[PDB]
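As structure tokens, one chain now follows by itself in the form deposited in one PDB entry.
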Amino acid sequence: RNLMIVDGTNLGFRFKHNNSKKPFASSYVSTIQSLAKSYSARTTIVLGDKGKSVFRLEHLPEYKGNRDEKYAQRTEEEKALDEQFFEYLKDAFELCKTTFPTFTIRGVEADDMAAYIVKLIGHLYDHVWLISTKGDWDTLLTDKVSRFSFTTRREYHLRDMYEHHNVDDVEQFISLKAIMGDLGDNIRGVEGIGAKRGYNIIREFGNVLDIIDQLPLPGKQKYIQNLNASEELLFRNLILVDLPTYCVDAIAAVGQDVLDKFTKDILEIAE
């Protein structure tokens, strides 16, 4: 009765250390099978990353530049080990494809594919279970869309949004992420705004688009002065973090034909 969407590269890292040394294709597929039973998945779709986010790099050339730097500073042995891991992950994906619908699209993040699948076919299922450790995927939560993380073991539901993310709803989460950015993705945020302040700002003035319309905001605090100077950053960050709004555009960035093919494939699966 449910749809299960697997963040497949993310799952591969589950046992990254182990998965770099010995082949894991059979274990990988049996994990997905176990998850599908646990979550009563009538349909299971596995996603992988391939290349870099063309859409996000066009908006922010420095996007995930910290991650690129780390890869570039690997020792030759670290790199070989990673190359081994990715060869094993490729084998895992190939085996996976024999059993489950499995997609990679060069230049498109798994995030965008997942968001688009939920939009396109989520209505056909009782519940949608997202298998990912990425907090960014909680921009997709609803009354009928939840996430499971293998690292934390938590099942993430919309009703628990404040516990998880210091906001009450997805619109707020998206706006807060835009305001705060993310060090890990090399996305700058507005100086002096923590989760508390940001939530309070959103509850006062509205979402980031509403905030932008009201600049300059009243208030003497330095973090308000910082916000008032940040129209460009806020608008760009919203594009970078608002998965539901931009997921179609992010797929279309690599070719309308590629988006059309993906749409066709997903609708076939859901029939």
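Whichever C-alpha set is largest while still superposing within 1.5 Å between the two forms counts as the rigid core. One-based numbering along the sequence shown.
Higher mean CA B-factor, judged across 158 to 166 and 77 to 85 from the recorded values: 77 to 85. Mean CA temperature factor is higher for 17 to 25 when stretches 17 to 25 and 252 to 260 are set side by side in the entry.
Between the residues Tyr63, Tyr246, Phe235, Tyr39, the entry's highest C-alpha temperature factor is the one at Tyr39. As recorded in the entry, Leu124 carries the highest CA temperature factor of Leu124, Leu140, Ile201, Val108.
Residue-level temperature factors show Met4 in the middle third of its chain, judged at the C-alpha atom. Among the modelled residues of its chain, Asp136 has a C-alpha B-factor that falls in the highest third according to the deposited record. Among all modelled residues in its chain, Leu240 ranks in the lowest third by Cα B-factor. In this PDB entry, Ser175 carries a Cα temperature factor that places it within the lowest third of its chain's modelled residues.
When the modelled residues of the chain are ordered by C-alpha B-factor, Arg147 sits in the lowest third.
The discussion below concerns the form deposited in another entry, not included here.
With the rigid core aligned between the shown form and the other one, the listed residues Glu163, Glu155, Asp126, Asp82 include just one Cα displaced by at least 2 Å, namely that of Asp82.
With the core held fixed between the shown form and the other one, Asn10 has its Cα displaced by under 2 Å. With the core held fixed, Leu243 shows a CA shift below 2 Å between the shown form and the other one. For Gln221, a C-alpha deviation of 2 angstroms or more is recorded between the shown form and the other one after rigid-core alignment.
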